[PDB]
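These notes are about the structure you will find just below.
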């Protein structure tokens with residue numbers, strides 16, 4: 001049974017926890033940037049008029 | 001300089017002193033740009049300056065987000081499965097500007 | 001718990017189950033990284049705090065010893081290695097730092113599969129180093145050195161594995177480790193990255209290496225220096241690399257050549273077996289006084305063995321002689337007065353003066369002088385500046401005919417940058433040695449009319465320092481006439497002549 | 001007015017009094033005017049501006065402190081000066097052309113008169129940056145999926 005599970009990826013747990021947390025952070029950053037883009041376009045229209 | 005819009009001033013005029021600590025979370029886009037539009041006695045000229053400022057800020061934020069994401073993805077692909085005269089100017093006429101009289 | 005598990009040299013098996021191991025490890029990890037660093041360092045962020053600090057130092061020391069005693073499972077090892085790498089990146093934790101040195105070096109000793117992981121976890125966070133003048137160098141040796149360099153030396157010395165061919169292949173593993181680490185460092189260092197550089201870090205590393213070049217109790221430093229030299233020269237010779245990396249490499253080579261020649265010219269100006277025996281016994285006593293000396297001793301042993309093999313390779317009389325050498329080596333390996341610090345220092349100095357490194361400086365000069373005829377301006381400028389620094393350290397080196405023809409050629413070169421570099425060399429040399437300048441004055445004072453603004457200002461500065469420093473020189477009048485002659489030439493030059 | 005200083009180096013060499021005696025190298029023109037009405041923003045009673053010119057050095061001294069050739073331009077803009085406009089400065093025998101000028105040039109003149117030229121230039125500059133951030137955002141979404 002050990003020989004079947006020889007090539008297992010150790011350190012997997014830390015990978016999972018840390019990278020899920022960091023993915024959460026990145027998603028929030030991206031959403032904020034998107035809202036900002038929308039806001040900029042609105043201001044540009046006001047200035048043109 | 002001074003004001004809750006000094007950051008955008010700097011980003012629109014000088015842009016070099018603006019540090020990686022400022023750019024990131026100093027200004028809340030959806031609030032500050034909203035503040036710019038109804039602000040009292042705003043000249044069109046200064047408004048255009050502020051527009052370029054805020055767009056530069058946003059572009060920098062995009063740059064940093066891309067860099068950090070790329071770093072993360074490069075990380076995740078790792079794992080641990082244990083199993084003589086060569087070139088002189090010809091004489092001095094090249095550099096020997098002669099003395100006047 | 002960590003004292004009870006370890007204290008006896010021997011216990012029955014299964015008196016310590018891995019659960020308490022994991023518990024104390026994660027405990028120290030969380031408590032340390034969440035309570036100690038914030039209150040001890042404003043970078044991350046009453047008497048009970050210092051109490052807990054002392055507790056953690058005792059814990060990590062005892063835990064290092066425990067990890068040395070028995071084998072363990074890799075899952076624990078990942079946590080232990082991360083916790084032990086952690087302390088090198090906050091400020092006022094010196095004693096904790098050197099206990100962590102002990103822990104990390106034990107991990108690096110035993111298991112030969114995590115070395116790459118420790119190298120990566122060191123390399124990743126090199127930006128987070130302190131780089132503050134106060135408290136930078138806090139590893140005593142006056143004469144302080146940086147910390148991560150002490151860790152690096154300890155690591156490279158650690159993997160020696162002294163039990164036939166084992167000695168050979170183990171020393172080869174050591175050489176490969178050093179070459180790999182140093183290559184990764186330098187290649188990542190040279191080119192300018194985004195928002196952060198490494199050149200000051202590497203400069204400090206090399207200044208450190210030079211500071212710890214030949215002591216009784218830090219071998220492998222000369223090994224690092226040798227591999228560094230060979231890597232640098234094979235790095236900036238060719239024309240495929242980028243620019244800034246060639247510049248930085250040539251700078252490092254200049255620094256090491258300077259320090260080497262200066263320490264040389266100011267220091268020097270069966271008996272071998274007796275010397276080895278005396279030094280080794282000195283080390284043996286000091287093991288009892290202080291740990292970590294065992295690794296150095298084993299390193300010296302392996303290096304003597306490989307040097308005897310290389311002396312075989314380069315007869316039956318010297319074949320039998322070197323086999324008597326090797327047999328005595330085996331004797332002392334199997335065996336595993338009054339000599340002190342200065343004596344041992346001189347002993348290892350001599351034994352180094354036998355090695356093929358002290359006769360490298362000559363080579364270095366030749367290498368630099370191959371560079372001077374090349375097709376890139378910045379490279380020639382830097383070659384000239386590094387040569388100038390070399391010359392101004394040992395002023396009796398403007399004698400070799402190749403250096404003469406080099407500096408003359410570059411004085412007539414067709415780009416104002418290298419011309420001002422050459423005239424700066426020649427001017428510093430003239431200012432240093434007061435006499436013996438009446439031979440270079442003509443070739444100097446020819447250069448006033450040189451169609452740049454650099455070279456003119458440099459020659460005027462040199463002339464001003466002459467006319468202030470050593471009056472009653474014969475050529476004062478002509479110097480005054482020419483400097484007054486150039487009063488109308490430019491604007492900045494005008495200001496300089498006017499104020500002078 | 002910025003427009004004059006777009007000439008070849010020969011013209012700069014030829015823009016110095018070469019009359020008699022020695023030949024000069026450092027000409028300078030100073031103007032002192034008073035923004036008592038505070039039309040010009042920097043509060044003083046007699047603002048001084050000079051432009052030291054040499055064969056290689058061109059510098060603006062605003063009340064004895066050096067400037068960087070852009071702050072002064074934005075300052076003059078705020079004052080009401082249009083640094084690039086030939087308008088309100090009419091060279092000898094060149095007035096007729098303002099009437100027989102083609103229509104588009106007169107429209108550009110009127111648009112500047114409105115005070116909407118700097119805004120146009122900045123908006124035109126900003127659009128390129130906007131497009132490049134769009135490319136960046138596409139790349140970011142790709143990497144998130146990975």
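Restricting to DSSP H runs of at least four residues, report the calculated mean residue ellipticity at 222 nm for chain D, -39500 (n - 2.57) per run over all residues, nearest 500 deg cm²/dmol.
-12000 deg cm²/dmol
Hey, how many Å between the Cα centroid of the range C:392-464 and the Cα centroid of the range D:48-92?
Each part's Cα centre sits 44 Å from the other's.
Round to a whole angstrom and tell me the spacing of the C-alpha centers of chain A and the range C:291-321.
Using only Cα atoms to place each centre, the spacing works out to 56 Å.
With n ≥ 4 as the cut-off for DSSP H runs, can you work out [θ] at 222 nm for chain C, using -39500 (n - 2.57) per run divided by the number of residues, rounded to the nearest 500? Don't jump to the answer; show the numbers that get you there.
Numbers: 24 runs with 342 residues, N = 500.
About -22000 deg cm²/dmol.
Evaluate the relative contact order of the range C:410-498 (contact order divided by residue number), counting alpha-carbon pairs under 8 angstrom at least 6 apart; express in whole percent. Let's see the in-between values first.
Details: 59 pairs, mean separation 19.8, N = 89.
Across the range C:410-498, relative contact order equals 22 percent.
With a/c under 1.5 counting as rounded, go ahead and sort the range C:438-477 into rounded, prolate or oblate using the C-alpha gyration tensor (a ≥ b ≥ c being the square roots of the eigenvalues; past the cut-off, prolate if a/b is larger than b/c, else oblate).
Oblate.
Considering Cα pairs under 8 angstrom that are at least six residues apart, work out the relative contact order of chain D and quote it in whole percent.
Numbers: 100 pairs, mean separation 21.8, N = 146.
Contact order relative to length: 15 percent.
Quick one: D:62, D:7, C:245, C:401, fewest Cβ neighbours within 10 Å first, how do they rank? Intermediate results must be reported in sequence, preceding the final value.
Working: D:62 15, D:7 11, C:245 18, C:401 7.
Fewest to most other Cβ atoms nearby, the residues stand as C:401, D:7, D:62, C:245.
Mind pulling the angle between the C-alpha long axis of helix A:12-48 and the longest principal axis of chain A? Nearest 10 degrees, somewhere in 0 to 90.
10 degrees
Rounded to two decimals, what is Rg over Rh for chain C when you use alpha-carbon atoms and the Kirkwood radius?
Numbers: Rg = 28.3 Å, Rh = 26.8 Å.
Rounded to two decimals, Rg over Rh is 1.06.
Quick check on the protein assembly as shown: take the gyration tensor over C-alpha atoms, sort the square-rooted eigenvalues as a ≥ b ≥ c, and tell me if it's rounded (a/c under 1.5), prolate or oblate. Each step should come with its number before you reach the end.
Numbers: a/c = 2.75, a/b = 1.35, b/c = 2.03.
Oblate is the answer for the protein assembly as shown, as a/c is 1.5 or above yet b/c matches or exceeds a/b.
Note down the Stokes-Einstein diffusion coefficient of chain B in µm²/s, whole number, using a Kirkwood radius over alpha carbon pairs, 25 °C, and 0.890 mPa s.
133 µm²/s
Fewest Cβ neighbours within 10 Å first, please rank C:27, C:171 accordingly.
Numbers: C:27 12, C:171 20.
Result, fewest neighbours first: C:27, C:171.
Compute the acute angle (0 to 90°) between the alpha-carbon long axis of helix D:118-145 and the principal axis of greatest extent of the alpha-carbon atoms of chain D; round to the nearest 10°.
Its long axis makes an angle of about 30 degrees.
For B:37, C:249, what's the fewest-to-most ordering of other Cβ within 10 Å of each Cβ? Write out the running numbers ahead of the final one.
Numbers: B:37 13, C:249 23.
Result, fewest neighbours first: B:37, C:249.
Please give the Cα centre distance for the range C:189-261 versus the range C:63-92, rounded to the nearest Å.
Between the Cα centres of the range C:189-261 and the range C:63-92 lies a distance of 30 Å.
Taking a ≥ b ≥ c as the square roots of the Cα gyration tensor eigenvalues, with a/c under 1.5 meaning rounded and otherwise prolate when a/b beats b/c, else oblate, which class fits the range C:1-128?
Details: a/c = 2.13, a/b = 1.28, b/c = 1.67.
Oblate, since a/c reaches 1.5 and b/c is not below a/b.
Could you tell me how many degrees, from 0 to 90 and to the nearest 10, lie between the Cα long axis of helix D:103-114 and the main elongation axis, the longest principal axis, of the Cα atoms of chain D?
90 degrees
Given the convex hull of the Cα atoms of the range C:353-500, what is a quarter of its surface area in nm²? Write down the numbers at each step before the final one.
Working: hull surface 40.2 nm².
Seen from a random direction, the Cα hull of the range C:353-500 projects 10.0 nm² on average.
Evaluate Rg over Rh across the range D:23-141, taking Cα atoms for both radii and Kirkwood's formula for Rh.
Answer for the range D:23-141: 1.10.
Translational diffusion coefficient, Stokes-Einstein: compute it for the range C:398-446 using the Kirkwood radius over C-alpha pairs as Rh, at 10 °C and 1.306 mPa s, and state it as an integer in µm² s⁻¹.
Working: Rh = 11.2 Å.
D = 142 µm²/s.
What FRET efficiency do you get for residue D:23 and residue A:42 if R0 is 60 Å and r is their Cβ-Cβ distance, rounded to the nearest 0.05? Provide the component values of the computation, followed by the final result.
Numbers: r = 61 Å, r/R0 = 1.02.
Efficiency at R0 = 60 Å is approximately 0.50.
How big is the Cα convex hull of the range C:325-412 in projection, averaged over all directions, in nm²? Let's see the in-between values first.
Details: hull surface 40.9 nm².
Here the figure is 10.2 nm², rounded to one decimal.
Each reported figure results from applying straightforward, stated rules to the coordinates on display, with no laboratory input. Positions of Cβ are backbone-derived with ideal geometry, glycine not excepted, and every protein chain shown enters the neighbour counts.
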